[PDB]
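Before any comments, here is the structure.
Every residue, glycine as well, gets a Cβ built from its backbone with ideal geometry; the counts of neighbours run over all protein chains shown. Derivation of every value follows stated rules applied to the coordinates shown; laboratory data play no part.
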Number of protein chains: 4
Amino acid sequence: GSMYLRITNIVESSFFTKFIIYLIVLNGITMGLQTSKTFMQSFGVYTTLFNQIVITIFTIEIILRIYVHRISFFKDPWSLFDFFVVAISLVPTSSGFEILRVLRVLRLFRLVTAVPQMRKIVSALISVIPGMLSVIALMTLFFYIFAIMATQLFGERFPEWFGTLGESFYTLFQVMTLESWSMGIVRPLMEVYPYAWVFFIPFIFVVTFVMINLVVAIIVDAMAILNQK
Amino acid sequence: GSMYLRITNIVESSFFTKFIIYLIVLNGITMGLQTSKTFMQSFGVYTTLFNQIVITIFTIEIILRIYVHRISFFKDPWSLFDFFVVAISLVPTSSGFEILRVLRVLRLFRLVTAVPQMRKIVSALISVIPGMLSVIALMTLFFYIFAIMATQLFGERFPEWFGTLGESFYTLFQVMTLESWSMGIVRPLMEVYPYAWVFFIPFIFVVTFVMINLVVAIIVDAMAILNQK
Amino acid sequence: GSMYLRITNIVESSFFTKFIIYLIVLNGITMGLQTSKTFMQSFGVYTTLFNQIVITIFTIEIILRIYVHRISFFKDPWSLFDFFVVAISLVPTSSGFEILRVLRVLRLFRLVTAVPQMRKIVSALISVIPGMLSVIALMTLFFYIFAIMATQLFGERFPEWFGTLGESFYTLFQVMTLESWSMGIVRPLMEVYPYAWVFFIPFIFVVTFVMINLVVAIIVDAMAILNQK
Amino acid sequence: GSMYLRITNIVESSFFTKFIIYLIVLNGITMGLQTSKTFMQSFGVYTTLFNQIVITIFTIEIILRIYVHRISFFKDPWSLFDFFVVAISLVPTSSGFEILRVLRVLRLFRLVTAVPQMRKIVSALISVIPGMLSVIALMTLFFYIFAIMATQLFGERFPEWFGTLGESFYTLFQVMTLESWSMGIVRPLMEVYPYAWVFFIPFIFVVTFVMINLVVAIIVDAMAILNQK
Ligand SMILES: CCCCCCCCCCCCO[C@@H]1O[C@H](CO)[C@@H](O[C@H]2O[C@H](CO)[C@@H](O)[C@H](O)[C@H]2O)[C@H](O)[C@H]1O
Ligand SMILES: CCCCCCCCCCCCO[C@@H]1O[C@H](CO)[C@@H](O[C@H]2O[C@H](CO)[C@@H](O)[C@H](O)[C@H]2O)[C@H](O)[C@H]1O
Ligand SMILES: CCCCCCCCCCCCO[C@@H]1O[C@H](CO)[C@@H](O[C@H]2O[C@H](CO)[C@@H](O)[C@H](O)[C@H]2O)[C@H](O)[C@H]1O
Ligand SMILES: CCCCCCCCCCCCO[C@@H]1O[C@H](CO)[C@@H](O[C@H]2O[C@H](CO)[C@@H](O)[C@H](O)[C@H]2O)[C@H](O)[C@H]1O
Ligand SMILES: [Ca+2]
C-alpha cells in the first residue's frame, strides 16, 4: 500500500532517527542525575516521569519500525539489540529484582545503534572476534585443566582462593592479569607449600605467551587484510 | 616598511630563537633549584629575580613576534601555546591560588615549541589522535553507562568507591588499569555482594579487548600510511 | 597383512577418533565434578569408576595405534604427548605423591591432540618459539648476573627476598612483571639501603626494553612470513 | 713481523676464543656457588682462588689481543666493554666499597661479547635505540616539568613521596608503571587534597599515550626496514 510508503518515508527519515538520538542523549543526562539523592528528592517526579515517556516512545517506534520492515527487522543484530534493551527496560519496578531496575540503563547503548559512526567502530571490534576463537578455545581448556589442578592442590588450606572450581578460576584469572599475583597469592602459599612457584611461574609464562600471540594475531590478520585490499 | 623587514630578520633569525632556547634551559635549571628550601634560603632572591627577567623577555618577544607576523600569529597552534603559557605565567603571586604559581612551570613546555626536532615528534603524537576518536567515543559511552550501573548497585554500602557518579568513574578507571582491581576492589565487594564478579569480569574483558584494538588501530593505520607513502 | 589394513581403517577412522573425543569431554566433566566434596560423597564410586574405564580405553587405543603405526608413532610429538599423559595417568593412587594423582588431569590436554583445529593453533604458538631463542638466552644471562648481584647486595638483611640465589631470581621475576615492585620491594629496601633504586630502575628499564623488542620480533617475523608467502 | 702473525693466528683462532668462553661458563657457575655460605665455608678457598686465575687469564688475553690489534682494539665497542669489565674486576678486595666486589660479576657479560649469536641480538636491541631518542627526549622533559609541579603541590604534606625533586621523579615513574598508583598513591592524597586526580589522571593518560606510540614507532620502523630490504 501507499500508506505503507507514507509510514516508511517517515520511519526511514533522517529527522525521525535523529529525533530519537536526542531522546537518547536527553535520557542519558536524566539517567545520570538519577544517581544523585539530592536531585531525586527535588525532581525525582519530573525525572522518572521523563523516563517513562522515553520508553513509550521507543515502544511506539519499535512497533512502528517493526511494521515498516516486518520480518526483516529480526535478522538484523542491531535491531534485535534495540528490541531487547527496550524490553529489558519495559519491565516495571517492584517486580523481580533491582537488577532489572539498573539494567534499564542498558538502553543508553541505543546511542551506538542509532549513530552511524558508532555502529561502524563496533562493527570493527566484532569483526575481529571470529579470528580469535581458536586461541580463546585453547585458552579456556587451559584455565579449566589448571583450575582443577589448583583446587586439588590448594583448596583445603586456602579455601577462599581454591575451594570451589570457581574460586580457583577467579584467582587464576586474577593471577593472569598480574594483579597482586606475588605478594598477595603465591608468596602467602609458599609459607605452607614451598614449591608452589612451580605451579604459577609456568602458569604466568604460558598465558603471557598466549596473550602476546593473540594480539600479534589481531595485528597480522588486519595487516593482511589491508595488504590484500 | 623596511623597519618591518629589519625586525623580521631579527625575529626570524636563528640566533634570536636560539637565544630564547638558552633562556628556556636556564629557567628550567632555576625552576628546579626553586624546589630546594635550602637553595631558596640563600639564593631565593637571585632566583625569583631571574624568573621575572625571563618572563619580561618572553613578553618582549611575544609582543615582538606578534608584531612581525600580525594576525597569522594566532592561527598557529604552537604560537598560541607560547602566548597562553606566557600569560598563564604573567599572573602575579598572591593573586588567586597557588595553583597558578605552580602552573608557571608550564612555560618549560616552550622548549618543545622553540626546538624543531621536538615540535616534530609532538606533531607525530597529535597526528595519531584524529583516528582514535571513534573508539574514545565508544569508550566513554561505556564508562558512563557502567558508572551509572555501578553507583546504583554499590554506592550505598561502598560510598568511598561508588557514592558519586564520579567516585564510580574513578574506581572504574582504576580497575581498567588493573590496579588492585582484585585484592583491593572486587574481592572486598564479594564479602557483601557475592555475584559481583559478574559485573567486573565482563567489564575487565570489554575494556581490554577495546584497548588491544585501539592499539592495533594505531599500528595498522601507520603501516598503511607507510605503505601508501 | 590384510588384518593389518582391517585395524588401520578402524584406527585411522573418523568415528574411532571422534569417539575418544567424546571420551575426553565426558572425562573432563567428570574430572570437574570430582573437585566437589558433595558430589564425591554420593557419586564418588560411579565417578572414579568412570575414570578407570577411560584410562583402560586410552591404553587399549594407545596399544592399538602403536600397532597400526609401529615405530612412526614415536617420531610424532603429538603421539608422544598422548603416550606420556596416558602413562603419567597410568600410575595408581597411594603410590608416590598426590602430585601424580593431580597430574592425571593433564590427560584433558588430549583434547588439543585429538582435535584438528586445536593442534593447528598450538602449531602456530610453538612455531613462534624457535625465533625467540636468542632473546630468551640473552634474557636469562641477565637474570642470572643480576640475581647474583642482588643476593650479594641484599640477601643478609632481606633474607626472604634475596637469601638464596633462587629467592633472588623469584623476586626479580616478580619485579619484572611490575607486581608491587615499588610499595612492596624497592621502597622497603630504601629504608635501609637508600641508593637501591640505582639497582632496580636500571633493571626495570632493561627488561622492559627487551620485552618490547621480543614482541616486536614476533610481530615483524610474522609479517615478513605473510609478505613472503 | 712474522712473530706478529704467529700471535695473531693464535689470538684470532677459533680455539683461543672458544677456550675463554668455557672460562666464562666455568666462572659463572663459580660466581653462583659463591652466593652460598655453605659452599664458601668448605670450598671458599678453591673458589676465590679460581676467580683470581680467570682474571689473570683475561688480563693476559686483554694484553694479548690489545697487541694483535693495537689501536683498532679501542674503536670497537665490544672490546672496550671487555676492557672495562676486566678492569672494573681488576680492583682488589678491601679497597673502596663492596660495590666494586659485586660489580666484578659484570664480567659474566663477557659471554655476550665472546659469543656471536649473542652479540648479534644485542646489536639488534641497540640498533633500535637511535630512533627512540626524540620520544625519550620529549618524555624526560615531561617527567621533569611534572616532578617540579608535583613537589610544589605535595612535597610538604607527603614528604616521603614528593619532598625532593628526586622523590617526586621516583613516585612518578612508579605511577607510570601503574604500580599501586591508586590504592597506594593517589587515593591517600585525596584524603587531604581532594582534586588530586586532576593531576594524575591527565598524567597517567599522557605517558600511556606516549608509551603506545613509542612502541608503534619501534614496530613501524622495523617494518619499514623489512619492506625496503
Ligand atoms: C564489544 C564486544 C566485546 C566482547 C568481548 C570479547 C572478549 C575477548 C577477550 C579478549 C580479552 C583478553 O582479556 C585480557 O587479556 C589481557 C591481554 O592484554 C590480559 O592482561 C594481561 O596480559 C598481558 C599480555 O598481553 C600482560 O602482558 C599484561 O600485563 C596484562 O594486561 C588478561 O588476561 C585479560 O584482562
Ligand atoms: C600529547 C598529547 C596527548 C593527549 C592525550 C590523549 C589521550 C588518549 C588516550 C590513550 C590512553 C589510554 O589510556 C590508557 O590506556 C591503557 C592502554 O594501554 C590502559 O592500560 C591498561 O590497558 C591495557 C591494554 O592495552 C592492559 O592490557 C594493561 O594491563 C593496562 O596498561 C588504560 O586504560 C589507560 O591508562
Ligand atoms: C604453548 C607452550 C608455551 C611455552 C612457553 C614459552 C614461554 C616463552 C616466554 C614468553 C613469556 C614472557 O613472560 C612474560 O613476559 C611479559 C611480556 O609481556 C612480562 O610482563 C611485563 O612485561 C611487559 C613488557 O611487554 C610490561 O610492559 C608489562 O607491564 C608486564 O606484563 C613478564 O616478564 C612475563 O610475565
Ligand atoms: C640493552 C641496553 C638497553 C638500554 C635501555 C634503554 C631503555 C629505553 C627505555 C624503554 C623502556 C621504557 O620503560 C618502560 O616503559 C614501559 C612501556 O611498556 C612502561 O610500562 C607501562 O607502560 C605501558 C605502555 O606501554 C602500560 O600500558 C603498562 O601497563 C606499563 O607496563 C614504563 O614506563 C617503563 O617500565
Ligand atoms: Ca599491582
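Tabulated values for the structure
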| read-out | value |
| --- | --- |
| Principal-axis tilt of helix B:77-90 within chain B, Cα atoms, nearest 10 degrees | 80 |
| Order of A:158, B:73 - criterion: other Cβ atoms within 10 Å of each residue's Cβ, fewest first | B:73, A:158 |
| Between the stretch C:53-83 and the stretch B:117-133, the Cα center-to-center distance that results, in Å | 58 |
| Order of D:46, B:67, C:170 under a 10 Å beta carbon neighbour criterion, fewest first | D:46, B:67, C:170 |
| Taking the stretch C:1-86 and dividing mean pair separation by its residue count, relative contact order in percent (alpha carbons under 8 Å, at least six apart) | 28 |
| Binned Cα-Cα distances of the protein assembly as shown, short to long, each 10 Å bin given as a whole percent | 2, 9, 14, 19, 21, 17, 10, 5, 2, 1, 0 |
| For B:133-144, mean number of other protein chain Cβ atoms within 10 Å | 4 |
| When each of D:18/D:120; A:120/B:120; B:120/B:229 is checked by Cα-Cα distance, pairs over 20 Å | A:120/B:120 |
| Relative contact order (%) - criterion: Cα under 8 Å, at least six apart; region: chain A | 13 |
| Residue C:101-residue D:8 pseudo-label distance in nm [points 7 Å out on the Cα-to-Cβ vector] | 7.2 |
| GluC sites (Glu not before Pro) restricted to DSSP loop in the stretch C:88-161 with at most 16 other C-beta within 10 Å | C:98, C:156 |
| Computed over the stretch D:21-104, the ratio Rg/Rh where both radii use C-alpha atoms and Rh is Kirkwood | 1.02 |
| Descending semi-axes in Å of the stretch B:117-229, equivalent ellipsoid built from Cα gyration tensor | 35, 14, 12 |
| GNM result for chain C, Cα springs below 10 Å: residue of C:75, C:120, C:18 fluctuating most strongly | C:75 |
| Surface/4 estimate of mean projected area, convex hull on alpha-carbon atoms of the stretch D:73-113, nm² | 2.9 |
| Length added when fully stretched, residue C:117-residue C:190, from 0.36 nm per residue minus Cα-Cα | 21.1 nm |
| For the stretch D:104-175, alpha-carbon Rg over 2.2 N^0.38 Å | 1.68 |
| Whole-Å semi-axes of the ellipsoid equivalent to chain A (Cα gyration tensor, √5λ, descending) | 46, 27, 15 |
| Highest-MSF residue in chain A out of A:198, A:86, A:68 [GNM, Cα springs under 10 Å] | A:198 |
| Value at 222 nm in deg cm²/dmol, rounded to 500, when DSSP H runs of n ≥ 4 in chain A each add -39,500 (n - 2.57) | -24000 deg cm²/dmol |
| Average beta carbon contacts from partner chains per residue of C:171-183, 10 Å cutoff | 6 |
